[PDB]
Amino acid sequence: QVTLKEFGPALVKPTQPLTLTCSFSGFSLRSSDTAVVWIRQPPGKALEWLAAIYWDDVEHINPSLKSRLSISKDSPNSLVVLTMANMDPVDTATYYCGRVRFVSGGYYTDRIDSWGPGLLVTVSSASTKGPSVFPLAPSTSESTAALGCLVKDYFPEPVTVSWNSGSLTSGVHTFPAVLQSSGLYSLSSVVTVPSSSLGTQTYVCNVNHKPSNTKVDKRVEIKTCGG
Amino acid sequence: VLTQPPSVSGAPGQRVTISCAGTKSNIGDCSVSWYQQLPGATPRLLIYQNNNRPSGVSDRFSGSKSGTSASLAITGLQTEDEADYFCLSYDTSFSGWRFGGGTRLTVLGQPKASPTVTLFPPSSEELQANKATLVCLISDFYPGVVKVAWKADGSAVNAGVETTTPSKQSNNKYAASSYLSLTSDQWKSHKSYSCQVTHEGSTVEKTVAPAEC
Ligand SMILES: OC[C@H]1O[C@H](O[C@@H]2[C@@H](O[C@@H]3[C@H](O)[C@@H](O)O[C@H](CO)[C@H]3O)O[C@H](CO)[C@@H](O)[C@@H]2O)[C@@H](O)[C@@H](O)[C@@H]1O
Ligand SMILES: [Ca+2]
Ligand SMILES: [Ca+2]
């Protein structure tokens, strides 16, 4: 019955301002029991209250973030805006907007009873950059061997990796990317294959990065040592 | 200032409680609400004004509050209850709303599983760019918490380490990566490098050497 949706940039650069917009449905911000709140959550961390704006334009802003935040509303168009100044890499987070309802006249009874799906905002200085692709090879006396491809220093997400143009799916594990303090991503894809056929099979990682119009193929060769 | 345990466990069918420890300034005097957030999903209101359920929330969830602590209780625990649970309360000293740190609830079932650890040395290609990334890939472990330590020759390596949070695989076990970022000169100044993974008081480690053969 009630829905909200966050609009705004997927990325923002350090020291720049972030401006998010919440559109909502199934209730009116004119109702005297109603407010709209902005909540954020860094990846893997806790929920944090940012700012709420009430039907009568009372505001409740996180005192820790007061000097950076502003919030406003356009009730006739069901829109609520949040701005946050001087962005920092620690501000990378999923930003949710929600409906708050409370008891009129009551004492901080407020609850967030409805939630938007949330917008992941990444704070990074990076421009679009295609990955450097490096082969990962091993040690080969056990039955299988793990070969892989380091997909290094790209922006933004996502990247796709296949092996042998899709002809090889078994034993493929592509690991989630890490966002480095540089503001660039890296991930690794590995394929576990029979050791016996390392000299009989060719293994090529196919790496696609659509934002940078980048397509790289890289053959992964075993490093052999003299007997 | 709102304190929740980071982690709680229970068996399917059992009752578990998640507590949020506060002070007079928050839980003591103000309404507690509770939120459930499935992995990767959106938070959802479960309890408001300490002990009320919104409609469409199961009666398996209940809330209470005594003194400066509050509790969420969950009966008939089901696998789909695996989530991060948060308490929320206004705080009149803070003059602001505070969330608990979140308690991740695990539903017991799958047996313990130790990690597979794969360690790669820098490639020749990267070394020619005066760079050297050691890649430690960690997979197939359960539960999904590991600690990663790097060693160079004998000693501990702190500088240049970056490790991902554990993620779910298609086979219902967990994966993580850790990267040790060096220069080629750094790489070549030590004779061995190790990635050591600790899982449930047990250690798995891998070793690479700049002298390949
Ligand atoms: O003040 C805490 C209260 O804030 C939110 O409700 C506000 C509140 O407005 C107060 C009140 O109207 C008046 O006494 O002083 C100011 C001007 O209105 C204002 O700060 O109370 C009214 C009525 O309850 C609400 O309409 C306002 O939106 C909610 O968060 C309450 O839960 C909270 O206790
Ligand atoms: Ca020999
Ligand atoms: Ca109670």
Side-chain angles (χ1 to χ4, degrees), chain A residues 43-45 136 138-139 142-151 161 163 169-180 185-193 195, chain B residues 5-12 16 37-41 77 79-85 102-121 133-151 156-158 161-180 193-208:
Chain A
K45 306 283 178 281
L136 304 182
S139 166
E142 27 205 9
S143 279
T144 63
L147 325 183
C149 274
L150 170 55
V151 179
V161 182
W163 283 89
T169 59
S170 169
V172 177
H173 194 163
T174 300
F175 290 69
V178 65
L179 179 62
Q180 317 164 84
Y185 302 93
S186 289
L187 66 65
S188 300
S189 181
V190 303
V191 54
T192 303
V193 301
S195 294
Chain B
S7 153
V8 75
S9 272
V16 304
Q37 179 182 35
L38 272 287
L77 191 62
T79 50
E80 78 257 0
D81 299 330
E82 277 205 336
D84 199 349
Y85 291 86
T103 300
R104 295 187 192 277
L105 168 61
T106 291
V107 179
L108 294 163
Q110 174 159 23
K112 196 176 64 166
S114 52
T116 289
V117 183
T118 305
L119 175 56
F120 291 105
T133 311
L134 291 72
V135 186
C136 186
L137 307 169
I138 317 161
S139 63
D140 286 339
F141 52 95
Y142 184 93
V145 165
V146 296
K147 296 326 160 338
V148 179
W150 290 82
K151 286 158 285 176
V157 183
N158 314 307
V161 174
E162 200 108 29
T163 310
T164 72
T165 56
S167 83
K168 293 179 179 179
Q169 306 169 169
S170 63
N171 68 349
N172 289 335
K173 287 168 174 169
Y174 290 78
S177 328
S178 180
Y179 297 87
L180 176 55
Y193 277 91
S194 280
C195 176
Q196 144 185 310
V197 185
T198 288
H199 184 268
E200 308 285 38
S202 164
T203 294
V204 177
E205 63 181 301
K206 241 57 169 196
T207 301
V208 291

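Below, each value reflects all heavy atoms present in this structure, side chains not excepted, and no hydrogens, waters or symmetry copies. So you know, we letter chains A, B, ... as the sequences are listed, proteins then strands, and number each from 1.
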Checklist outcome for this item: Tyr142(B) and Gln110(B) have their tightest heavy-atom pair at CE2-O, 3.2 Å
Checklist entry - Is there a side chain to side chain contact (heavy atoms under 4.5 Å, CB included) between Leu136(A) and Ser188(A) once you walk through the steps? => result CA-CA 9 Å; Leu136(A) 304 182; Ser188(A) 300; 4.3 Å; yes
Item to check | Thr133(B) side, atom OG1; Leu180(B) side, atom CG - distance, nearest 0.5 Å | outcome: 8.5 Å
Checklist outcome for this item: Value for CD (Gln196(B)) from OG (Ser178(B)), rounded to nearest 0.5 Å, stands at 11.5 Å
Checklist entry - How many angstroms lie between atom CG of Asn171(B) and atom NE2 of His173(A), to the nearest 0.5 angstrom? => result 8.5 Å
Checklist entry - Can you name the closest pair of heavy atoms from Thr164(B) and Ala177(A) and give their distance? => result CG2-O, 4.4 Å
Checklist entry - Taking the side chain as C-beta and beyond, is there a heavy-atom pair between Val135(B) and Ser177(B) under 4.5 Å? => result no
Checklist entry - Is the closest side-chain heavy-atom distance between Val193(A) and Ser170(A) below 4.5 Å? => result no
Next on the checklist: Between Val161(A) and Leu187(A), does the side chain to side chain contact (heavy atoms under 4.5 Å, CB included) criterion hold? Intermediate values first, please.
Outcome noted: CA-CA 10 Å; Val161(A) 182; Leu187(A) 66 65; 4.2 Å; yes
Next on the checklist: For a 4.5 angstrom cut-off between non-hydrogen side-chain atoms, does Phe120(B) reach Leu137(B)?
Outcome noted: yes
Checklist entry - Would the number of heavy atoms belonging to other residues, nucleotides or ligands and lying under 6.0 Å from CD of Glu142(A) be above 12? => result no
Next on the checklist: Applying side chain to side chain contact (heavy atoms under 4.5 Å, CB included), can you list everything that pairs with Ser9(B), at least two apart in sequence or on another chain?
Outcome noted: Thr106(B), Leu108(B)
Item to check | Pairwise side-chain contact, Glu200(B) with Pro143(B), heavy-atom cut-off 4.5 Å (strictly under) | outcome: yes
Checklist entry - Taking side chain as C-beta onward, heavy atoms only, is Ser189(A) less than 4.5 Å from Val172(A)? => result yes
Next on the checklist: Do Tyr193(B) and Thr207(B) make a side-chain contact, defined as non-hydrogen atoms from C-beta onward lying under 4.5 Å apart?
Outcome noted: no
Checklist entry - Got a second to check how far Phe175(A)'s CZ is from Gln169(B)'s CD, nearest 0.5 Å? => result 7.0 Å
Checklist entry - Does some side-chain heavy atom of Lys206(B) sit less than 4.5 Å from a side-chain heavy atom of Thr118(B)? => result no
Item to check | Test side chain to side chain contact (heavy atoms under 4.5 Å, CB included) applied to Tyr174(B) and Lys168(B), step by step | outcome: CA-CA 5 Å; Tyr174(B) 290 78; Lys168(B) 293 179 179 179; 3.2 Å; yes
Checklist entry - Checking side chain to side chain contact (heavy atoms under 4.5 Å, CB included) for the pair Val8(B)/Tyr85(B): CA distance, chi angles, key distance, verdict? => result CA-CA 10 Å; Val8(B) 75; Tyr85(B) 291 86; over 6 Å; no
Next on the checklist: Quick check: do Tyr179(B) and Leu150(A) have side-chain heavy atoms less than 4.5 Å from each other?
Outcome noted: yes
Item to check | Gap separating the CG atom of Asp140(B) from the CG atom of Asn172(B), nearest 0.5 angstrom | outcome: 11.0 Å
Checklist entry - Would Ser143(A) and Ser195(A) count as having a side-chain donor-acceptor pair, cut-off 3.5 Å? => result no
